[PDB]
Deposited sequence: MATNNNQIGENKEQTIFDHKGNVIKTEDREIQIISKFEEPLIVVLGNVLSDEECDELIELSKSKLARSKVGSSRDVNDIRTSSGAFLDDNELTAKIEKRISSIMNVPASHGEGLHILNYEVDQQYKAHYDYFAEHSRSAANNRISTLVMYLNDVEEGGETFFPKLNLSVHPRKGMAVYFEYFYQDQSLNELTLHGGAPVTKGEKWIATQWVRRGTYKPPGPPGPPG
C-alpha cells in the first residue's frame, strides 16, 4: 500500500528545522525521528501545560490541548511537513504527563465505530518526547514487538490509513509504565479531513 508519509532519504528538510529519520518499520509505517523539537521548545510546551493548569479555578476545575499561540503554530507547521498533511487536519498539541507508575494501556488512536468523531477519523499520529525518562515510559507496539524509548526532542510517527484493516490494527500501541522519573509528551493526532475551524 501507499503511505501518507512520503519522505525519501535520511533527513526531512522543513522550513525552520531539519528532522533526522532514525529508523523505519515499513508496514504499518512506524518512524523514529530525531531533532523534531529543540530543547527549548520541549521545555516551553511543558511550561504552557503547567500554566494552563495553574489558571484553573472553581477554566473551571469542576468540568489538555494547548491554546493556539506563536509557538504552537510554528510547531504545528513543522509537524505538518513531517506528516505530509496540512496543519488544519491536526487536533492540536495535546500535552500529557506521566508520574511514576502511570501508563497508557494499549489502544488504537483511530476512533471506535460508535464515536461520532469516526465521521472524520484519525489517520496518523506523532508522539514527541518533551523530556528524558529515568526508567520506563517506552512507546510500545505489542503486536509488532517494537518499542521506542523516550528521548527529549525525538518523536515517533505512525499511520493507520491503510486499505487492509489488519494493517491498521497492527498499530495497537501504548505508553509503558514510568518506573522512575516522569514523562512529558506532546501528541499531534491528524484527521482525514480538515479539523480546526477556518482562521
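Gaps between the deposited sequence and the modelled coordinates occur at 1 to 12, 71 to 74, 80 to 84, 221 to 226, listed in sequence order.
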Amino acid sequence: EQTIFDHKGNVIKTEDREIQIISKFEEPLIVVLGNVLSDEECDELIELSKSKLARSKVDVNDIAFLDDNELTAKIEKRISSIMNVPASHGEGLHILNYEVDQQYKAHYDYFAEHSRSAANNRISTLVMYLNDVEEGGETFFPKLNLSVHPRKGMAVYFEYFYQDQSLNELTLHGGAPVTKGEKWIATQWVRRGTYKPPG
From here on, numbers count along this sequence of modelled residues.
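Of the two segments examined, 70 to 78 and 108 to 116, it is 108 to 116 that shows the higher average Cα temperature factor in the deposited entry. Higher mean CA B-factor, judged across 79 to 87 and 123 to 131 from the recorded values: 79 to 87.
Within the listed group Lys24, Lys183, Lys13, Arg191, the record reports its top CA B-factor for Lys13. Within the listed group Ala54, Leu29, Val32, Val36, the record reports its top CA B-factor for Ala54.
Annotation for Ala64: C-alpha temperature factor in the highest third relative to the rest of the modelled chain, per the entry. For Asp43, the recorded CA B-factor ranks within the middle third of the chain. Only modelled residues enter the ranking. In this PDB entry, the Cα temperature factor of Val58 sits in the top third of its chain's modelled residues, the highest group. Ranked against the other modelled residues of its chain, the C-alpha B-factor of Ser147 as given in the entry falls in the lowest third.
Ranked by C-alpha B-factor against the other modelled residues of its chain, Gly175 falls in the lowest third.
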